[PDB]
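Enquirer: Sharing upload.txt (compact mmCIF, C-alpha atoms) below.
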# COMPACT_ATOMS: atom_id res chain seq x y z
CA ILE A 2 39.66 -3.79 -56.50
CA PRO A 3 36.15 -5.25 -56.75
CA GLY A 4 37.57 -7.89 -59.08
CA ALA A 5 39.59 -10.75 -57.64
CA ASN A 6 38.05 -11.67 -54.31
CA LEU A 7 39.56 -10.55 -51.01
CA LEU A 8 38.01 -13.31 -48.89
CA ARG A 9 40.02 -15.96 -50.75
CA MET A 10 43.32 -14.30 -49.86
CA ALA A 11 42.02 -13.53 -46.37
CA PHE A 12 41.47 -17.25 -45.71
CA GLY A 13 45.15 -17.75 -46.49
CA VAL A 14 46.08 -16.06 -43.21
CA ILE A 15 43.41 -16.21 -40.51
CA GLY A 16 42.26 -19.82 -40.80
CA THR A 17 38.70 -21.11 -41.12
CA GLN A 18 36.25 -23.84 -40.11
CA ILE A 19 34.23 -26.47 -41.99
CA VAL A 20 30.45 -26.64 -42.40
CA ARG A 21 28.05 -28.77 -44.44
CA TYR A 22 25.84 -26.78 -46.80
CA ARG A 23 22.64 -27.84 -48.57
CA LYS A 24 20.48 -25.80 -50.94
CA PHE A 25 16.74 -25.47 -51.54
CA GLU A 26 15.13 -26.76 -54.74
CA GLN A 27 11.33 -26.95 -54.47
CA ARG A 28 8.35 -27.14 -52.12
CA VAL A 29 5.09 -29.10 -51.83
CA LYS A 30 2.01 -29.42 -49.61
CA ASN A 31 0.93 -31.88 -46.91
CA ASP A 32 -2.90 -31.67 -47.28
CA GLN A 33 -2.95 -29.03 -44.54
CA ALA A 34 -1.87 -26.03 -46.68
CA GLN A 35 1.52 -26.25 -44.96
CA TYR A 36 4.67 -26.12 -47.05
CA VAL A 37 7.36 -28.77 -46.62
CA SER A 38 10.75 -28.05 -48.16
CA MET A 39 13.15 -30.25 -50.12
CA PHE A 40 16.94 -30.02 -49.96
CA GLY A 41 19.46 -31.81 -52.14
CA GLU A 42 23.08 -33.00 -52.07
CA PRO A 43 24.60 -31.40 -48.95
CA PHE A 44 28.17 -30.61 -50.01
CA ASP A 45 31.13 -29.33 -48.00
CA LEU A 46 32.15 -25.67 -47.72
CA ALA A 47 34.90 -23.70 -45.97
CA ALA A 48 33.82 -20.58 -44.11
CA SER A 49 34.56 -18.31 -41.15
CA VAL A 50 32.07 -18.33 -38.27
CA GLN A 51 31.76 -15.20 -36.13
CA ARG A 52 30.21 -13.90 -32.91
CA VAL A 53 27.05 -11.93 -32.17
CA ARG A 54 26.09 -13.33 -28.72
CA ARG A 55 22.39 -13.13 -27.88
CA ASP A 56 20.56 -12.07 -24.73
CA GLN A 57 17.16 -13.41 -23.65
CA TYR A 58 13.76 -11.87 -22.94
CA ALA A 59 10.29 -12.90 -21.77
CA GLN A 60 6.90 -13.45 -23.38
CA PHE A 61 5.20 -14.14 -20.07
CA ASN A 62 7.16 -16.09 -17.44
CA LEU A 63 9.01 -17.83 -20.26
CA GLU A 64 12.54 -17.05 -21.42
CA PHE A 65 13.08 -18.13 -25.05
CA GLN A 66 16.65 -17.12 -25.82
CA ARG A 67 17.36 -16.75 -29.55
CA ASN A 68 20.57 -18.40 -30.75
CA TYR A 69 22.51 -16.49 -33.40
CA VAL A 70 25.68 -16.96 -35.47
CA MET A 71 27.58 -14.88 -38.06
CA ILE A 72 29.27 -16.64 -41.00
CA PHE A 73 31.59 -15.38 -43.76
CA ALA A 74 31.77 -17.46 -46.93
CA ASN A 75 32.62 -17.10 -50.62
CA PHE A 76 29.36 -18.54 -51.93
CA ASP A 77 26.05 -17.29 -53.30
CA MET A 78 23.74 -17.86 -50.32
CA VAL A 79 20.07 -16.86 -50.54
CA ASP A 80 18.07 -16.26 -47.36
CA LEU A 81 14.56 -15.45 -48.60
CA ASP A 82 12.57 -14.95 -51.80
CA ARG A 83 9.46 -16.49 -53.30
CA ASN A 84 11.49 -19.70 -52.74
CA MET A 85 13.12 -20.98 -49.54
CA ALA A 86 16.64 -20.54 -48.15
CA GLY A 87 19.47 -22.98 -47.40
CA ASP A 88 20.78 -24.72 -44.31
CA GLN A 89 24.04 -25.51 -42.51
CA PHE A 90 25.30 -27.00 -39.27
CA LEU A 91 28.54 -26.48 -37.38
CA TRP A 92 27.06 -28.79 -34.74
CA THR A 93 23.27 -28.27 -35.04
CA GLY A 94 21.02 -27.25 -37.92
CA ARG A 95 20.91 -23.57 -38.75
CA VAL A 96 19.21 -21.09 -41.10
CA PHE A 97 20.12 -17.50 -41.97
CA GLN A 98 18.49 -14.19 -43.00
CA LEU A 99 20.57 -11.75 -45.10
CA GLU A 100 22.35 -11.09 -48.39
CA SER A 101 25.82 -9.81 -49.37
CA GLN A 102 28.13 -9.09 -52.30
CA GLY A 103 27.64 -12.42 -54.07
CA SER A 104 27.50 -11.24 -57.67
CA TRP A 105 30.99 -9.80 -57.40
CA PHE A 106 33.05 -12.21 -55.31
CA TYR A 107 31.88 -13.20 -51.78
CA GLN A 108 29.04 -13.02 -49.25
CA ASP A 109 28.27 -12.82 -45.53
CA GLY A 110 25.88 -14.71 -43.30
CA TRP A 111 23.67 -15.23 -40.25
CA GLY A 112 22.05 -18.21 -38.59
CA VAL A 113 19.54 -19.30 -35.96
CA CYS A 114 20.28 -22.52 -34.12
CA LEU A 115 17.63 -25.07 -34.96
CA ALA A 116 17.27 -27.87 -32.45
CA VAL A 117 19.78 -30.64 -33.26
CA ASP A 118 21.31 -32.75 -36.02
CA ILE A 119 20.12 -36.28 -36.72
CA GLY A 120 23.34 -38.05 -35.76
CA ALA A 121 25.10 -41.07 -37.31
CA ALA A 122 28.30 -39.12 -37.99
CA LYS A 123 26.31 -35.86 -37.80
CA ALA A 124 24.03 -36.24 -40.81
CA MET B 1 -7.25 17.55 9.24
CA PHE B 2 -7.42 14.08 10.87
CA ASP B 3 -5.04 12.11 8.67
CA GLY B 4 -1.85 11.34 10.61
CA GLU B 5 -3.89 9.97 13.50
CA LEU B 6 -5.70 7.76 10.99
CA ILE B 7 -2.39 6.42 9.66
CA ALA B 8 -1.15 5.70 13.18
CA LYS B 9 -4.32 3.78 14.04
CA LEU B 10 -4.19 1.88 10.74
CA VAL B 11 -0.55 0.94 11.37
CA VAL B 12 -1.43 -0.40 14.82
CA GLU B 13 -4.30 -2.43 13.36
CA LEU B 14 -2.07 -3.81 10.60
CA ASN B 15 0.53 -4.85 13.16
CA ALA B 16 -2.14 -6.71 15.13
CA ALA B 17 -3.39 -8.38 11.94
CA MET B 18 0.14 -9.49 11.06
CA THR B 19 0.67 -10.93 14.53
CA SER B 20 -2.53 -12.95 14.12
CA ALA B 21 -1.53 -14.06 10.61
CA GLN B 22 1.95 -15.09 11.76
CA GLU B 23 0.48 -17.26 14.50
CA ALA B 24 -2.00 -18.68 11.99
CA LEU B 25 0.30 -19.47 9.05
CA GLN B 26 3.87 -19.65 10.47
CA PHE B 27 5.69 -16.82 8.70
CA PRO B 28 9.41 -16.29 9.34
CA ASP B 29 8.89 -12.61 10.31
CA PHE B 30 6.96 -9.60 9.05
CA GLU B 31 7.23 -5.86 8.53
CA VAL B 32 4.57 -3.19 7.94
CA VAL B 33 5.76 -0.35 5.70
CA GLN B 34 4.14 2.66 4.06
CA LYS B 35 4.68 3.26 0.38
CA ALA B 36 6.02 6.55 -1.02
CA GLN B 37 8.89 6.88 1.44
CA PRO B 38 9.99 10.54 1.70
CA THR B 39 13.64 9.43 1.86
CA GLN B 40 15.68 7.13 -0.38
CA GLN B 41 15.26 3.69 1.18
CA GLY B 42 15.52 0.06 0.16
CA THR B 43 12.93 -2.72 0.18
CA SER B 44 13.28 -5.45 2.82
CA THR B 45 13.49 -9.18 2.14
CA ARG B 46 11.06 -10.06 4.92
CA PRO B 47 7.38 -10.66 4.14
CA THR B 48 6.05 -7.13 4.00
CA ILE B 49 2.82 -5.13 3.93
CA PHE B 50 2.55 -1.92 1.94
CA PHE B 51 -0.25 0.62 2.22
CA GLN B 52 -1.04 3.94 0.57
CA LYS B 53 -3.81 6.54 0.44
CA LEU B 54 -5.36 7.23 -2.97
CA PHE B 55 -8.26 9.69 -2.82
CA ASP B 56 -11.16 11.03 -0.76
CA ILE B 57 -14.89 11.57 -1.34
CA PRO B 58 -16.86 14.11 0.75
CA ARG B 59 -20.05 11.97 0.75
CA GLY B 60 -22.84 14.40 1.56
CA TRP B 61 -23.56 18.05 2.24
CA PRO B 62 -21.79 19.54 5.28
CA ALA B 63 -23.71 19.68 8.55
CA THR B 64 -23.43 22.74 10.80
CA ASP B 65 -24.28 23.00 14.49
CA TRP B 66 -23.93 26.07 16.68
CA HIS B 67 -22.34 26.30 20.13
CA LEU B 68 -22.62 29.53 22.10
CA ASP B 69 -19.86 31.17 24.15
CA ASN B 70 -21.58 33.27 26.81
CA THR B 71 -18.48 35.11 28.06
CA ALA B 72 -17.47 36.42 24.62
CA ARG B 73 -21.05 36.60 23.24
CA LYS B 74 -20.15 34.63 20.11
CA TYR B 75 -21.39 31.55 18.29
CA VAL B 76 -18.81 28.87 17.55
CA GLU B 77 -19.91 27.29 14.26
CA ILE B 78 -18.78 23.67 13.97
CA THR B 79 -19.04 22.02 10.54
CA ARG B 80 -18.79 18.24 10.20
CA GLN B 81 -18.08 16.41 6.95
CA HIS B 82 -18.25 12.61 6.69
CA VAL B 83 -15.67 11.54 4.11
CA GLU B 84 -14.47 8.21 2.73
CA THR B 85 -10.82 7.27 2.21
CA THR B 86 -9.53 4.61 -0.17
CA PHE B 87 -6.42 2.75 1.00
CA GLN B 88 -4.55 0.27 -1.18
CA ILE B 89 -3.04 -2.74 0.60
CA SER B 90 -0.40 -4.90 -1.06
CA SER B 91 2.05 -7.57 0.08
CA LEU B 92 5.36 -9.03 -1.09
CA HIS B 93 6.91 -12.46 -0.56
CA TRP B 94 9.40 -14.53 -2.55
CA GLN B 95 8.72 -18.24 -3.00
CA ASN B 96 11.53 -20.71 -2.34
CA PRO B 97 10.92 -23.79 -4.51
CA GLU B 98 12.85 -26.28 -2.39
CA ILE B 99 11.12 -25.76 0.97
CA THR B 100 8.25 -28.20 1.48
CA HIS B 101 6.18 -25.86 3.67
CA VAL B 102 4.50 -23.51 1.20
CA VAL B 103 2.80 -20.18 1.92
CA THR B 104 1.90 -17.70 -0.80
CA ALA B 105 1.84 -13.91 -0.88
CA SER B 106 -1.77 -14.22 -2.02
CA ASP B 107 -2.41 -16.16 1.19
CA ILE B 108 -1.00 -13.25 3.20
CA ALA B 109 -3.15 -10.73 1.33
CA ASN B 110 -6.26 -12.89 1.66
CA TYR B 111 -5.75 -13.39 5.39
CA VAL B 112 -5.27 -9.65 5.94
CA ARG B 113 -8.40 -8.95 3.89
CA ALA B 114 -10.42 -11.51 5.84
CA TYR B 115 -9.22 -10.18 9.20
CA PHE B 116 -10.50 -6.68 8.47
CA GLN B 117 -13.89 -7.97 7.30
CA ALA B 118 -14.64 -9.93 10.48
CA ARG B 119 -17.35 -8.59 12.76
CA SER B 120 -15.14 -8.77 15.86
CA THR B 121 -12.53 -6.44 14.36
CA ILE B 122 -15.26 -4.05 13.19
CA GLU B 123 -16.69 -3.97 16.71
CA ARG B 124 -13.25 -3.27 18.17
CA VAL B 125 -12.51 -0.56 15.57
CA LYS B 126 -15.84 1.17 16.28
CA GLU B 127 -14.30 2.64 19.44
CA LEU B 128 -11.53 4.11 17.24
CA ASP B 129 -14.06 6.32 15.39
CA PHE B 130 -14.09 4.76 11.90
CA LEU B 131 -15.57 1.81 10.01
CA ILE B 132 -14.75 -0.29 6.95
CA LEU B 133 -16.95 -1.03 3.95
CA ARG B 134 -16.89 -4.17 1.81
CA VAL B 135 -13.90 -5.32 -0.25
CA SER B 136 -14.72 -6.76 -3.65
CA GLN B 137 -11.54 -7.85 -5.46
CA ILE B 138 -7.98 -9.11 -5.00
CA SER B 139 -5.59 -9.39 -7.96
CA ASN B 140 -2.18 -10.94 -8.65
CA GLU B 141 0.46 -9.19 -10.77
CA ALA B 142 3.90 -10.38 -11.87
CA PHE B 143 7.07 -8.31 -11.45
CA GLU B 144 10.58 -9.19 -12.65
CA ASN B 145 12.64 -8.70 -9.43
CA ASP B 146 16.44 -8.86 -10.05
CA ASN B 147 16.34 -9.32 -13.85
CA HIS B 148 14.87 -12.78 -13.19
CA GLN B 149 13.00 -14.67 -10.49
CA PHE B 150 9.45 -13.63 -11.38
CA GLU B 151 7.42 -12.56 -8.35
CA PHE B 152 3.82 -11.79 -7.42
CA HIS B 153 2.48 -8.52 -5.97
CA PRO B 154 -1.10 -9.11 -4.79
CA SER B 155 -3.15 -6.02 -4.00
CA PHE B 156 -6.62 -4.86 -2.99
CA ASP B 157 -8.46 -1.68 -1.98
CA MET B 158 -10.07 -0.80 1.36
CA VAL B 159 -12.50 2.01 2.20
CA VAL B 160 -12.49 3.76 5.58
CA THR B 161 -15.17 6.27 6.61
CA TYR B 162 -14.96 8.82 9.43
CA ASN B 163 -15.88 12.36 10.45
CA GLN B 164 -13.69 15.47 10.24
CA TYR B 165 -14.34 18.79 11.95
CA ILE B 166 -13.66 22.47 11.29
CA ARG B 167 -14.27 25.38 13.65
CA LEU B 168 -15.29 28.99 12.96
CA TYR B 169 -16.72 32.10 14.61
CA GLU B 170 -19.99 34.00 14.12
CA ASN B 171 -21.86 36.87 15.75
CA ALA B 172 -24.88 36.48 18.03
CA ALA B 173 -28.14 38.40 18.49
CA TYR B 174 -30.05 38.81 21.75
CA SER B 175 -33.24 40.76 20.98
CA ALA B 176 -35.76 41.55 18.25
CA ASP B 177 -38.09 44.40 17.33
CA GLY B 178 -40.35 45.35 14.45
CA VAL B 179 -42.84 47.78 12.96
CA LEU B 180 -46.44 47.16 11.85
CA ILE B 181 -48.00 49.22 9.06
CA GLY B 182 -51.28 49.04 7.18
Translate the structure of the given file into structure tokens.
Expert:
Amino acid sequence: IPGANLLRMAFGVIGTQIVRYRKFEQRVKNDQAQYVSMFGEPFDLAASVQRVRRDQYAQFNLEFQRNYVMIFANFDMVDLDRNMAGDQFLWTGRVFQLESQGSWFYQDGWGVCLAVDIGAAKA
Amino acid sequence: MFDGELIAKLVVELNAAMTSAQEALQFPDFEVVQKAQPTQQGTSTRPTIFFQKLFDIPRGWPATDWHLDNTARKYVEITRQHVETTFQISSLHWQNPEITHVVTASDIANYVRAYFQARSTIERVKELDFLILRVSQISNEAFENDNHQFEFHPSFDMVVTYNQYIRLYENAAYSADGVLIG
């Protein structure tokens, strides 16, 4: 049934991991016509992180591997619109590009590994 | 006609040039190899020279001269055409970053190019019935090798001019006569 969620009962068997999730609120300029985003109140969420496992390529005598991650969560996660998306970090900052069945009961994810986290208990 | 002999002479000259270059620049060892092998074969790790023939240009109207055979009473018509051949020379060498003594594949290609442009080599080749024109460009290109380890494949073009002959038969005349009317 597309009523009561299936991910909630699924997490009662397989077992999950813990990530920190922060959402996007608004955006401003930096007198260069470049947008800088604002995020607020990074809370704690339980989700399942999956495997897609990248290969690398070349632009010209450079390698530039793209780091990717798949995440399952029961939350309404937005990846792109006229506003900006949200962030997460299992160990380093990450940002995703997709949608899923949020308006019924659960969604699905992606993620590209941004460089690092700040530190001081992994802020 | 007159192609396989040209390749043999060119191979001998390339071997001599590689001997000179090895004494000059201290290579490990060298090999001279023709491209487009007619049989499935594998490339060699040694510093290598590859050559190939691209196209020909007749360069001028044919010239005919007549040689007479008295016994058979026939003219042997010899036609000579002076053509130009374009050969492409390329080299291959893999750089080892940790060795302090450095030699590049472009160095090998440049030395081979300079050897063939010297006046001494032209004078020596003149007895082999061909000559070389000027070479105007050398370029570097990047391959990918074994899925990594980028590599360079320098190349350049060389022009070789010679004469080629064909032989044919023709009748001969030995007397003339006429009539005068008014």
Enquirer: Tell me, counting only C-alpha atoms, for each residue of chain A within 10 Å of chain B, which pair of atoms is nearest and how far apart they are in Å to one decimal, in rows ordered by chain and increasing number, as CSV.
Expert:
residue,atom,partner,partner_atom,distance
A:58,CA,B:147,CA,9.8
A:59,CA,B:148,CA,9.7
A:61,CA,B:142,CA,9.1
A:62,CA,B:150,CA,6.9
A:63,CA,B:150,CA,9.8
A:64,CA,B:148,CA,9.6
Enquirer: CA of residue 44 in chain A to CA of residue 120 in chain A: how many Å, to one decimal?
Expert: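 If I compute the distance from CA of residue 44 in chain A to CA of residue 120 in chain A, I get 16.8 Å.
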Enquirer: Give me the residues within 9 Å of range 18-35 of chain A as a PyMOL selection string, counting only C-alpha atoms and dropping any in the same chain fewer than 4 places off.
Expert: chain A and resi 39-50+78-79+84-92
Enquirer: Store the residues of this selection in a file with C-alpha atoms, as a compact mmCIF listing (two decimals), in the coordinates of the input.
Expert:
# COMPACT_ATOMS: atom_id res chain seq x y z
CA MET A 39 13.15 -30.25 -50.12
CA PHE A 40 16.94 -30.02 -49.96
CA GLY A 41 19.46 -31.81 -52.14
CA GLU A 42 23.08 -33.00 -52.07
CA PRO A 43 24.60 -31.40 -48.95
CA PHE A 44 28.17 -30.61 -50.01
CA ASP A 45 31.13 -29.33 -48.00
CA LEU A 46 32.15 -25.67 -47.72
CA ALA A 47 34.90 -23.70 -45.97
CA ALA A 48 33.82 -20.58 -44.11
CA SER A 49 34.56 -18.31 -41.15
CA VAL A 50 32.07 -18.33 -38.27
CA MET A 78 23.74 -17.86 -50.32
CA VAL A 79 20.07 -16.86 -50.54
CA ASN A 84 11.49 -19.70 -52.74
CA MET A 85 13.12 -20.98 -49.54
CA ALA A 86 16.64 -20.54 -48.15
CA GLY A 87 19.47 -22.98 -47.40
CA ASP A 88 20.78 -24.72 -44.31
CA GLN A 89 24.04 -25.51 -42.51
CA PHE A 90 25.30 -27.00 -39.27
CA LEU A 91 28.54 -26.48 -37.38
CA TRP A 92 27.06 -28.79 -34.74
Enquirer: I'd like a table as CSV: residues in range 104-129 of chain B with an atom no more than 10 Å from range 47-51 of chain B, each row giving the shortest atom pair and its distance in Å to one decimal, all atoms listed in the file counted, sorted by chain and rising residue number.
Expert:
residue,atom,partner,partner_atom,distance
B:105,CA,B:47,CA,8.2
B:108,CA,B:47,CA,8.8
B:109,CA,B:49,CA,8.6
B:112,CA,B:49,CA,9.5
Enquirer: I'd like the contact shell of range 165-172 of chain B - 8 Å cut-off, all atoms listed in the file, skipping same-chain residues fewer than 2 positions apart - returned as an MDAnalysis selection string.
Expert: chainID B and resid 1 73:81 163 174
Enquirer: Skip range 99-112 of chain A itself and residues of its chain fewer than 6 positions away, then list as a PyMOL selection string all residues within 9 Å of it, counting all atoms listed in the file.
Expert: chain A and resi 3-9+50+68-81+88-89
Enquirer: Go ahead and save the picked residues with C-alpha atoms, as an mmCIF file, keeping the file's coordinate frame.
Expert:
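And here's selection-v4.cif as it stands now:
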data_model
loop_
_atom_site.group_PDB
_atom_site.id
_atom_site.type_symbol
_atom_site.label_atom_id
_atom_site.label_comp_id
_atom_site.auth_asym_id
_atom_site.auth_seq_id
_atom_site.Cartn_x
_atom_site.Cartn_y
_atom_site.Cartn_z
ATOM 1 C CA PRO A 3 36.150 -5.250 -56.750
ATOM 2 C CA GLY A 4 37.570 -7.890 -59.080
ATOM 3 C CA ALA A 5 39.590 -10.750 -57.640
ATOM 4 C CA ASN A 6 38.050 -11.670 -54.310
ATOM 5 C CA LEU A 7 39.560 -10.550 -51.010
ATOM 6 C CA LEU A 8 38.010 -13.310 -48.890
ATOM 7 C CA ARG A 9 40.020 -15.960 -50.750
ATOM 8 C CA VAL A 50 32.070 -18.330 -38.270
ATOM 9 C CA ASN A 68 20.570 -18.400 -30.750
ATOM 10 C CA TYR A 69 22.510 -16.490 -33.400
ATOM 11 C CA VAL A 70 25.680 -16.960 -35.470
ATOM 12 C CA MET A 71 27.580 -14.880 -38.060
ATOM 13 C CA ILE A 72 29.270 -16.640 -41.000
ATOM 14 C CA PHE A 73 31.590 -15.380 -43.760
ATOM 15 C CA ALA A 74 31.770 -17.460 -46.930
ATOM 16 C CA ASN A 75 32.620 -17.100 -50.620
ATOM 17 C CA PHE A 76 29.360 -18.540 -51.930
ATOM 18 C CA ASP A 77 26.050 -17.290 -53.300
ATOM 19 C CA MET A 78 23.740 -17.860 -50.320
ATOM 20 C CA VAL A 79 20.070 -16.860 -50.540
ATOM 21 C CA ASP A 80 18.070 -16.260 -47.360
ATOM 22 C CA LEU A 81 14.560 -15.450 -48.600
ATOM 23 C CA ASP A 88 20.780 -24.720 -44.310
ATOM 24 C CA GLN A 89 24.040 -25.510 -42.510
#
Enquirer: Got a sec to check which residues sit within 10 Å of (-0.8, 1.1, 8.7), counting all atoms listed in the file, and write them as a PyMOL selection string?
Expert: chain B and resi 6-15+32-34+49-52+87+89
Enquirer: What does the distance between CA of residue 138 in chain B and CA of residue 154 in chain B come to in Å, to one decimal place?
Expert: 6.9 Å
